[PDB]
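Next up: just one chain, as structure tokens, the form deposited in one PDB entry.
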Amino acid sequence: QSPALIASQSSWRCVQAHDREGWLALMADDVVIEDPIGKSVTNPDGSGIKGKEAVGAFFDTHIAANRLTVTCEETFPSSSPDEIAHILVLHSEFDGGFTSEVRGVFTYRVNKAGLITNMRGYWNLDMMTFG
């Protein structure tokens, strides 16, 4: 498996399993998570979640006590072992009850070491479904 595919697959696994230290272990010190790209509830100023401290902070307040499910519908390798794209379905479940789901394209970049430098999501709240 390419470094990008390993990292993205390991990323989904840690998040779903609520593995804080495993998730952060996948990340470069200079990581930027734009989920989604542009201004949204999960990217308030559009500049993304920047650095492992911020990423852990996000996990703590927004993943720790919430159920998240990630379904990979399709994977698109590039001609670089370090860059990859996927069609993912994100399903979130807050206690007690409120659900949201969104389907979008997600891009990942890793550095030479195989650590995630970028995760970028193409979706918006107009595309989201609620229950």
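For the two forms, the rigid core is made up of the largest set of C-alpha atoms that agree within 1.5 Å on superposition. Quick note: we count residues from 1 along the sequence shown, nothing fancier. Shifts are known only where both forms have a C-alpha.
What comes next is about the form deposited in another entry, which is not displayed.
A.B. asks: Please name the single residue among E34, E93, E101, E83 whose Cα shifts by at least 2 Å between this form and the one not shown after core superposition.
C.D. replies: Spelled out, the residue whose C-alpha shifts by 2 Å or more is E93.
A.B. asks: Rigid core fitted, then: does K52 show a CA shift of 2 angstroms or greater between this form and the one not shown?
C.D. replies: Comparing forms between this form and the one not shown, the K52 CA shifts below 2 Å.
A.B. asks: Superposing on the rigid core, do we see a C-alpha displacement of 2 Å or more at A65 between this form and the one not shown?
C.D. replies: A65: C-alpha displaced by 2 Å or more between this form and the one not shown.
A.B. asks: Versus the form shown, are the CA atoms of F94 and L125 closer or farther apart in the other form, given a shift of 3 angstroms or more?
C.D. replies: Closer together, which means the C-alphas of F94 and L125 are at least 3 Å nearer in the other form.
A.B. asks: What direction does the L125-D95 Cα distance move in the other form compared with the shown chain, closer or farther, given a change of 3 Å or more?
C.D. replies: Result: closer.
A.B. asks: Among residues found in both forms, what runs of at least 3 in a row have Cα shifts of 2 Å or more between this form and the one not shown after core fitting?
C.D. replies: Segments displaced between this form and the one not shown after core fit: 60-66, 93-96.
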